[PDB]
Amino acid sequence: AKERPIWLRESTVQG
Amino acid sequence: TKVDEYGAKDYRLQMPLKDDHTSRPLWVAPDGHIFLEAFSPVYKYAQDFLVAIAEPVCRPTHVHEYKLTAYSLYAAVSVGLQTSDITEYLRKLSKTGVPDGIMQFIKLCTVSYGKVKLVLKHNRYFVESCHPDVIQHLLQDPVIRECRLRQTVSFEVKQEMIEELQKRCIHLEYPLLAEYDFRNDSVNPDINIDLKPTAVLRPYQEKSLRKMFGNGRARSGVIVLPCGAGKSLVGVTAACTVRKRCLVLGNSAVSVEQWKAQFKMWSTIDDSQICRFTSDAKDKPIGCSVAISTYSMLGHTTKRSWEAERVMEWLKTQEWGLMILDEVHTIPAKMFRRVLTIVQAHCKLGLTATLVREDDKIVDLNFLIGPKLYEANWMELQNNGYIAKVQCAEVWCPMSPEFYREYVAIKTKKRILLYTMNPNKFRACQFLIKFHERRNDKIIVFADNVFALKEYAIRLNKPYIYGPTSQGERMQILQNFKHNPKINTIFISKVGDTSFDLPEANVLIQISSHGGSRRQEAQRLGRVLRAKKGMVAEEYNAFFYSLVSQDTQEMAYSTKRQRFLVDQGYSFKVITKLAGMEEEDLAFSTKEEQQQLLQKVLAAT
Amino acid sequence: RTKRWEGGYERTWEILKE
Amino acid sequence: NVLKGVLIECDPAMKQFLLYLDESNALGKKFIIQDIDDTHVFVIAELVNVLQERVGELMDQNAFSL
Amino acid sequence: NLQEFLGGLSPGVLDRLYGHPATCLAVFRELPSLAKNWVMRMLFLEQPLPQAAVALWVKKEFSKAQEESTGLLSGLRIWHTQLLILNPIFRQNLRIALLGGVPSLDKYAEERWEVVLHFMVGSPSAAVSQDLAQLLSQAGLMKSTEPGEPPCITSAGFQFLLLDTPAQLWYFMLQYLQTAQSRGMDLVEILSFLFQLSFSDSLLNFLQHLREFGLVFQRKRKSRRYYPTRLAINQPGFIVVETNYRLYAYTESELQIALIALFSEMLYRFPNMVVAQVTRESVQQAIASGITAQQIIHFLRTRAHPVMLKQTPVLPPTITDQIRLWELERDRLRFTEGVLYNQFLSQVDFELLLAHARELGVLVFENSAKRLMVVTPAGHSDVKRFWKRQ
DNA sequence: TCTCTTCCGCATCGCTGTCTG
DNA sequence: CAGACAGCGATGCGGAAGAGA
């Protein structure tokens, strides 16, 4: 639990 | 001096390369910049040595960046490091030799130290100097004679003109010595202050204190430490070690209150021996020695109250062993800097957490107080767990179409109220807070624009705080935030960054920013650095969001506002889009809602 | 009774020699 | 009718800027022949090069010169 | 890849290309997984066999590997249905191919290739060769337009520059073969030599060009015998990347520094190191010339110092993310030539024209709500002709 | 009647912005 | 560009009005 959010775990840039 | 076909300067013909270069992890540029390796087996030894003689400017994870200057070199001599003591090891550590320019610079800086010593005795400042020749050629400029009040040769100097003379000597190639020989000082009796065993000193805190106390005589300088690192504890320890009268100066009502608590909690000195020279309340300042005051009152320029007048006269007459000035970054301010000359102190230690500003007045802190003694490695503290790891991020919020049209159309500066208030960021913060709210994470919103802050709060019906907010309501809101589970977010205005004791928060969203102020960003960032009871560095439990609007002036400030943080090592990640925003229902989901806000924004004037 | 800081700088790099 | 020129597609934020350019006569002409969609517009071919230059100037304002 | 090259060839050239010494062997190694086995089985058979047997000789699982293999070799025309016996010439040649019938060199290849890239970039000091310059100019990666002035570098040149040496070299030789036919050099004769390496007038000229690229070196004043270099048959990284857009590269060869300067601002140059910063000015400058963010990330990734190999990903996310964003901003305004329509009296005609454009592919974008669309100038004549025909 | 507590009115600082040269 | 003045948002201080013993 207490896992990091998706938008911080991996780059959200379209690339 | 030599420029290659590209921008970089050429040093092929400048200095050689050591044959065992791989063994040596150190570089030395002619300009003084130094590049250390954080992967070398001997990194730690180099780090201590370079920190002693050089001040960091960039310490990323792999290759640190140090540059040395006259102020940096003088501090090294103060801790007993001679020119050969440093240059010899520097040449040994250097993998490419030492350019002659640095060699001569080191020699000139080291020799030009200790020749002129400034000592205050019986409320009189005497410029002592064992060598008489220094004084003979130092009186060429007429400023010295008019400045002066109308072996071991010394002469009294005017109190008011100390600051003017001090800066003059810096460029005169003869720095003044402000060491306090508290060990050998009978004029002012020692105060009954001791450090209880309960207080625990962290290794970096001890190193910072050790650097300050290079020898039996305390050195006057600035120690930059994170707010969550416990800079208050270090200040208390320095006062306890000095064992003489100390005058801690705050910057606001909250600052003075916390310092008194810090003194009592960590120092055995009795409550009655501590006074609060505060306009709101006082505890007989003349009665006791250890005092906590504020820059405004001491430097207050207008008519002084009778009771304050007596205290101010009492403060001026007496001589202080230590003058702790927290938040030194405000000292070079006109009124604030006058306080230095108003009061007399042997060594004026300075503590802070964000030693950065735009106007080039920070350099004055080198002579106003002294060289920057210590500046803790934020990244190393993160690894050691003393400071909560932060997943710094920058959420890019695309501007709504209509909003941009007025923003670009108008050449005025209503944009500050416009781009700070756009639907996408509102939905972004609304969505961002919602995600963290269900995660049991404590949120601390920020906004320079009170108008935007109020609008965001009422729409989200959250307890927004700001300047003219009543003190009682201010405390009530904070207590609920710390205790009440039903509420886990507080919308603080700029007053939050000034000075407070707020509970540790897992996240810190910032919908708006005052501007390109490295101070405010670092000030606000320090709030979440409060280490949790049992967290871990790699878990990245603490987060920081600095929402910005794309294709708007806000971007320029944000990039210009994060310069200080990246220098420490923090990596600001960009988030073009947030997953789950479309599915989640948020306000301003229709064109009409945005239109009303724009009309209200336009009607703001 | 003095403190460890008054003693002097640690000089961590002096241990290594070449 | 049939109209010559070029079609440019961009995010809605930029589209508004172009609408400001033609309305305010920044380039001196209403180069926007017609608005295909909220993210599409039509401009004369000859003025594309200068228009692209203006946008490049816009990026400089919203980007710090590191 | 080499498979793409052989795939696009006529049957007539293929069998001629299947020279006895090597080609029957070099094309064999290409056969990925199964075609190798099938080739040996029907290598001593003089009687063609039915097509059904081949289909049922691979289990139901992994049946796709069978179809791709058969399709791959059918293009190579190794066999014929004859109704699947192999080509007798290939069968004979292959049977003849199956029991029938150094340290200085790599440095030379490393050095010779490096100087070529130095000339490729605007290096004031570089090897001079008129044949080499024009070959690169007609290779599609350089344009001069003025013999007196040294040729510049086109957009494709930069993309080629940042490629890795194997892909860089392999593509370079690929253009050579295509241009060899244009200049009149026989493709088959020159091609067969490359295969023979991995085991006439044109040959001497062809070998001279190969010797110029650094793949081969006679070492005996241009004698008949040659000793191919490692590159003829077909390293640790040094760049250290920070989180503040700072690159510390342990580069002594001026080529590496020149490459890094293409997309970064250089700050200091130490004897065994150089400091560069990846700022908006540099990256967009590189993007303007023609590069795209993928090459830079790949180029930085491939030349990654061992220190940063421990961290995963090797390149810190922020640096990679920032580079990608900078290129995206440049192409925010996507320009596409087209012709607009206005004043549609009826939507039926507009819909019918839309269907006609869709069938011909002339349409680029359409707007049903506004009853308008855009057509490229190439299709403008077609739709205009359609409108005239009514 | 003090007494505290509290509330106007000055003055200051951070950073930026405006305005005429 | 540049120096002086000023705005918005924060801070401190010092002089005058309500509950409460």
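Rule-based calculations on the coordinates, nothing more; no lab input. All Cβ positions, even for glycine, are placed from backbone atoms using ideal geometry, and neighbour counts span all protein chains on display.
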Exercise. Which residues, taken from the range C:1-11, are part of a helix (DSSP H, G or I) and surrounded by fewer than 16 Cβ atoms within 10 Å (Cβ to Cβ)?
Worked result: C:4, C:7
Problem set entry | Residue that is farthest from the other protein chains (Cβ to nearest Cβ) [pool: residues in the range E:266-312 that are surrounded by fewer than 21 Cβ atoms within 10 Å (Cβ to Cβ) and hydroxyl-bearing (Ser, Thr, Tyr)] | E:302
For this session: Identify, by number, the condition in (1) assigned to a helix (DSSP H, G or I); (2) more than 21 Å from residue B:501 (Cα to Cα); (3) within 16 Å of DNA strand G (Cβ to nearest atom) that residue B:302 doesn't meet.
Result: (1)
Problem set entry | Among (1) buried (at least 19 other Cβ atoms within 10 Å of the Cβ); (2) away from DNA strand G (no atom under 16 Å from the Cβ); (3) assigned to a loop (DSSP other than H, G, I, E, B), the one test that residue B:486 misses | (1)
Problem set entry | In chain A, the residues that are farther than 10 Å from residue E:321 by Cβ and more than 8 Å from the chain's Cα centre (by Cα) | A:1, A:2, A:3, A:14
For this session: Filter the range B:243-264 for residues that are within 13 Å of DNA strand G (Cβ to nearest atom), under 22 Å from residue B:194 (Cα atoms) and surrounded by fewer than 20 Cβ atoms within 10 Å (Cβ to Cβ) and give the result.
Result: B:257, B:258
Exercise. Out of all the residues in the range B:504-559, which are under 21 Å from residue B:407 (Cα atoms), within 16 Å of DNA strand G (Cβ to nearest atom) and part of a loop (DSSP other than H, G, I, E, B)?
Worked result: B:511, B:512, B:513, B:514, B:515, B:516
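Would you list the strands (runs of 3 or more DSSP E) that sit entirely within the range B:189-289 and hold 2 or more residues that are farther than 21 Å from residue B:331 by Cα? Full working, then the answer.
Working: elements: B:222-224, B:247-250, B:274-276.
By residue number, B:274-276.
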Exercise. Do we have residue B:391 as part of a helix (DSSP H, G or I) and within 20 Å of residue B:545 (Cβ to Cβ) here?
Worked result: no
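When you scan the range B:88-103, how many residues do you find that are of a type in the set (D, E, K, R) and under 21 Å from residue B:13 (Cβ atoms)? If you could, list the steps in order and put the result at the bottom.
Within the range B:88-103, the first condition is being of a type in the set (D, E, K, R), and the residues that meet it are B:88, B:91-92, B:95, B:100.
Narrowing the set further to residues that are under 21 Å from residue B:13 (Cβ atoms) leaves B:91, B:95, B:100.
Residues meeting the conditions: 3.
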Exercise. Within the range B:305-336, restricting attention to residues that are of a type in the set (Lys, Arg) and either within 25 Å of residue B:237 (Cα to Cα) or more than 12 Å from DNA strand F (Cβ to nearest atom) (or both), which residue is farthest from the other protein chains (Cβ to nearest Cβ)?
Worked result: B:310
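Does residue B:281 qualify as being more than 14 Å from chain C (Cβ to nearest Cβ), within 16 Å of DNA strand F (Cβ to nearest atom) and closer than 29 Å to residue B:194 by Cα? If you could, list the steps in order and put the result at the bottom.
Numbers: more than 14 Å from chain C (Cβ to nearest Cβ): yes; within 16 Å of DNA strand F (Cβ to nearest atom): yes; closer than 29 Å to residue B:194 by Cα: yes.
Yes.
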Problem set entry | Residue list for the range E:219-233, filter: surrounded by 10 or more Cβ atoms within 10 Å (Cβ to Cβ) and more than 30 Å from the chain's Cα centre (by Cα) | E:219, E:220, E:222
For this session: Can you give me the number of residues within the range B:393-410 that are closer than 15 Å to residue D:62 by Cβ and either facing another protein chain (nearest Cβ under 10 Å) or within 16 Å of DNA strand G (Cβ to nearest atom) (or both)?
Result: 8
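Just the residues that are within 14 Å of chain C (Cβ to nearest Cβ) and either part of a loop (DSSP other than H, G, I, E, B) or surrounded by 17 or more Cβ atoms within 10 Å (Cβ to Cβ) (or both), please, taken from the range B:92-135.
Filtering the range B:92-135 for residues within 14 Å of chain C (Cβ to nearest Cβ) gives B:92-95.
Scanning the range B:92-135 gives B:93, B:94, B:95.
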Seminar exercise, completed: Filter the range B:509-540 for residues that are hydrophobic (A, V, I, L, M, F, W, C) and within 14 Å of chain A (Cβ to nearest Cβ); the one that is surrounded by the most Cβ atoms within 10 Å (Cβ to Cβ) is B:509
Exercise. Among (1) within 22 Å of residue B:399 (Cα to Cα); (2) among the β-branched types (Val, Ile, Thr); (3) away from chain B (no Cβ under 14 Å); (4) within 12 Å of the chain's Cα centre (by Cα), which single condition is residue D:36 missing?
Worked result: (4)
